[PDB]
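*Asks:* What follows is a single structure, and I will ask about it in a moment.
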Amino acid sequence: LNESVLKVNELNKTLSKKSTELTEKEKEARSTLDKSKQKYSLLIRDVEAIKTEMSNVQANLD
Amino acid sequence: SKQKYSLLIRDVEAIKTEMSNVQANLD
């Protein structure tokens, strides 16, 4: 039980990191539009690739 | 424009992923 508590407490830092990286990538994407198709597309695939990683972590935590 | 573009590019990549699976199976 102690190890499981530690494991969830550590999954929270990855949820936090992918929140951060998603925010950063979204800012980059908006910068791309302001200035293009391929960089914007790649950042958007990523932005979604990170949210998928987030949902897995949320299910595991639950 | 942001949301429609995003949904369409994810869908395009999804389709390309489906394509690569079919190509490996065919090979």
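Bear in mind that the values in this text are calculations on the coordinates, not laboratory data. FYI the Cβ positions are ideal-geometry reconstructions off the backbone, even for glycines, and counts take in every protein chain you see.
*Asks:* Treating only the Cβ of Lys, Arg, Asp and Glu as charged (+1, +1, -1, -1), what charge dipole size does chain A show about its Cα centre? Round to the nearest 20 debye.
*Replies:* The dipole magnitude comes to about 320 debye.
*Asks:* Filter the cross-link list A:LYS18/B:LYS4; A:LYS37/B:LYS4; A:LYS13/A:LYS39; A:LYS13/B:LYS16; A:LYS39/B:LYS4; A:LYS51/B:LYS2 down to pairs whose alpha-carbon distance in this structure exceeds 21 Å.
*Replies:* A:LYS18/B:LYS4; A:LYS13/A:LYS39; A:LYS13/B:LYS16
*Asks:* Provide the packing ranking of B:1-11, A:39-49, A:24-34, B:15-25, i.e. peptides ordered by the mean count of other C-beta atoms within 10 Å per residue, highest first.
*Replies:* Ranked from most to least packed, the peptides come out as A:39-49, A:24-34, B:1-11, B:15-25.
*Asks:* Report, in whole Å, the centroid distance computed from the Cα atoms of chain B and segment A:21-50.
*Replies:* A separation of 17 Å, based on Cα centres.
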